[PDB]
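Novice: Quick one: this structure, given as structure tokens, is what I'll be asking you about.
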Amino acid sequence: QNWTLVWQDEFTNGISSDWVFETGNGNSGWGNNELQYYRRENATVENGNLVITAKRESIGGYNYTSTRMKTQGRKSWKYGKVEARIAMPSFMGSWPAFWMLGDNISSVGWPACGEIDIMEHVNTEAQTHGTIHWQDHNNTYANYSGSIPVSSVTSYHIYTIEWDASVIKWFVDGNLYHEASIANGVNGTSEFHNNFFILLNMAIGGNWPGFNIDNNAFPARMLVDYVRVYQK
Ligand SMILES: [Ca+2]
């Protein structure tokens with residue numbers, strides 16, 4: 001239980017150069033029929049917090065803008081404690097996330113690369129979700145998910161995973177709510193023993209949240225106080 005801090009973005013004055021930004025709606029709405037067009041302009045730093053603002057704005061044929069940012073190509077880790085202190089909006093159509101993808105997405109694709117969603121929230125739910133996605137030993141898409149009640153997602157909460165060669169554990173405010181064994185690649189989990197990079201985004205619409213958007217919730221702000229990675 002002795003952790004050493006190996007990386008952080010505290011967003012004290014700006015966004016570090018460890019982050020790369022996506023642009024646009026991607027392929028079929030980032031694969032989930034999302035409605036937003038991602039931009040760099042939707043990411044700012046105010047008063048020591050990263051602010052991802054989703055807006056009702058027309059660009060590229062789309063009606064919403066937001067930010068999707070990642071450490072891919074800059075920083076990645078194999079095992080560790082990954083955490084962020086986040087305050088997010090709660091409205092119909094909202095889809096904020098703090099998550100990780102395997103560095104090998106560029107060669108094996110998704111979902112074989114593996115995905116660890118440290119925090120996902122949709123719509124106005126009074127809970128948050130922690131999930132892994134992968135391609136198992138039978139060549140089939142697999143997922144394993146858990147949730148925890150959070151009454152005020154609009155307040156800051158700490159979203160964390162502890163990940164080692166045996167397991168991934170999910171916590172909110174230090175409360176354990178989900179766990180997945182990756183020991184010996186059980187259930188075809190071999191790709192979780194590789195380097196993963198971090199992503200932050202707020203999507204608007206999509207298969208999971210649905211297409212009922214509260215247009216009176218714009219502009220909407222997702223606040224990240226910090227992102228920290230510790231390792232043994
Ligand atoms: Ca900060």
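If you're wondering about the labels, chains in the structure tokens are A, B, ... by order shown, residues count from 1 in each chain, ligands from 1 in order shown.
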Based on the backbone DSSP call, show me all residues of range 6-220 of chain A assigned strand (DSSP E), as a VMD selection string.
Specialist: chain A and resid 6 to 9 20 to 21 36 to 38 43 to 46 49 to 59 62 to 66 68 to 70 80 to 87 94 to 102 115 to 120 127 to 135 141 to 149 157 to 163 167 to 172 175 to 181 196 to 204 220
Novice: Can you tell me which residues surround residue 207 in chain A at a distance of at most 10 Å, considering only C-alpha atoms, apart from same-chain residues fewer than 5 positions away, and format the answer as number ranges by chain?
Specialist: A: 29, 31-34
Novice: Take the residues from that selection and put them in a file with C-alpha atoms, as a PDB file, in the first residue's frame.
Specialist:
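Below you can see again12.pdb, which holds the result:
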ATOM      1  CA  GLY A  29     -19.950   9.396 -33.674  1.00  0.00           C
ATOM      2  CA  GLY A  31     -18.268   4.487 -32.669  1.00  0.00           C
ATOM      3  CA  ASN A  32     -21.253   5.212 -30.378  1.00  0.00           C
ATOM      4  CA  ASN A  33     -23.392   7.545 -32.546  1.00  0.00           C
ATOM      5  CA  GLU A  34     -22.327  10.549 -30.417  1.00  0.00           C
TER       6      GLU A  34
END
Novice: Within 6 Å of ligand 1, counting only C-alpha atoms and all ligand atoms, which protein or nucleic acid residues do you find, written as an mmCIF file with N, CA, C and O atoms, in the first residue's frame?
Specialist:
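Wrote it out as selection_23.cif, contents follow:
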data_model
loop_
_atom_site.group_PDB
_atom_site.id
_atom_site.type_symbol
_atom_site.label_atom_id
_atom_site.label_comp_id
_atom_site.auth_asym_id
_atom_site.auth_seq_id
_atom_site.Cartn_x
_atom_site.Cartn_y
_atom_site.Cartn_z
ATOM 1 N N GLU A 10 -1.883 18.839 -12.628
ATOM 2 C CA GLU A 10 -2.639 19.598 -11.609
ATOM 3 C C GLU A 10 -3.362 20.776 -12.251
ATOM 4 O O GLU A 10 -4.051 21.438 -11.542
ATOM 5 N N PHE A 11 -3.079 21.058 -13.515
ATOM 6 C CA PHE A 11 -3.753 22.142 -14.266
ATOM 7 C C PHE A 11 -3.605 23.472 -13.527
ATOM 8 O O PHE A 11 -4.521 24.228 -13.503
ATOM 9 N N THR A 12 -2.439 23.718 -12.962
ATOM 10 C CA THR A 12 -2.343 24.938 -12.140
ATOM 11 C C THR A 12 -2.546 26.205 -12.976
ATOM 12 O O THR A 12 -3.358 27.035 -12.580
ATOM 13 N N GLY A 48 -7.216 26.936 -11.470
ATOM 14 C CA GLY A 48 -6.605 25.645 -11.117
ATOM 15 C C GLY A 48 -7.405 24.396 -11.493
ATOM 16 O O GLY A 48 -7.134 23.362 -10.940
ATOM 17 N N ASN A 49 -8.328 24.501 -12.421
ATOM 18 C CA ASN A 49 -9.067 23.297 -12.847
ATOM 19 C C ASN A 49 -9.100 23.245 -14.365
ATOM 20 O O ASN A 49 -9.214 24.263 -14.970
ATOM 21 N N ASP A 225 -9.942 18.782 -11.268
ATOM 22 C CA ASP A 225 -8.964 19.419 -10.358
ATOM 23 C C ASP A 225 -7.573 18.869 -10.661
ATOM 24 O O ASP A 225 -6.638 19.632 -10.704
ATOM 25 N N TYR A 226 -7.489 17.560 -10.822
ATOM 26 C CA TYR A 226 -6.197 16.936 -11.166
ATOM 27 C C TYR A 226 -6.398 15.524 -11.706
ATOM 28 O O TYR A 226 -7.428 14.955 -11.529
#
Novice: Taking into account only C-alpha atoms, which residue in the set A:122, A:54, A:199, A:229 is nearest to residue 68 in chain A?
Specialist: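 Once distances to residue 68 in chain A are computed over only C-alpha atoms, the minimum belongs to A:199.
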Novice: For a quick check of understanding, using only C-alpha atoms, which of A:114, A:89, A:80, A:26 has the smallest distance to residue 60 in chain A?
Specialist: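 Closest to residue 60 in chain A, using only C-alpha atoms: A:26.
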Novice: Could you please write out, as a ChimeraX atom specification, every residue of chain A that DSSP assigns to alpha helix (DSSP H)?
Specialist: /A:105-108
Novice: Please save N, CA, C and O atoms of the selected residues as a PDB file, in the first residue's frame.
Specialist:
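After the write, part.pdb holds the following:
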ATOM      1  N   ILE A 105      -3.739   0.078 -29.409  1.00  0.00           N
ATOM      2  CA  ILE A 105      -4.969   0.271 -30.226  1.00  0.00           C
ATOM      3  C   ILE A 105      -4.555   0.529 -31.682  1.00  0.00           C
ATOM      4  O   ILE A 105      -5.243   0.153 -32.565  1.00  0.00           O
ATOM      5  N   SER A 106      -3.413   1.165 -31.861  1.00  0.00           N
ATOM      6  CA  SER A 106      -2.912   1.496 -33.217  1.00  0.00           C
ATOM      7  C   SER A 106      -2.580   0.219 -34.013  1.00  0.00           C
ATOM      8  O   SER A 106      -2.532   0.300 -35.221  1.00  0.00           O
ATOM      9  N   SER A 107      -2.328  -0.899 -33.344  1.00  0.00           N
ATOM     10  CA  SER A 107      -2.007  -2.138 -34.092  1.00  0.00           C
ATOM     11  C   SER A 107      -3.073  -3.227 -33.972  1.00  0.00           C
ATOM     12  O   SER A 107      -3.219  -3.962 -34.910  1.00  0.00           O
ATOM     13  N   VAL A 108      -3.760  -3.336 -32.842  1.00  0.00           N
ATOM     14  CA  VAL A 108      -4.778  -4.417 -32.715  1.00  0.00           C
ATOM     15  C   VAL A 108      -6.204  -3.868 -32.778  1.00  0.00           C
ATOM     16  O   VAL A 108      -7.119  -4.646 -32.780  1.00  0.00           O
TER      17      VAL A 108
END
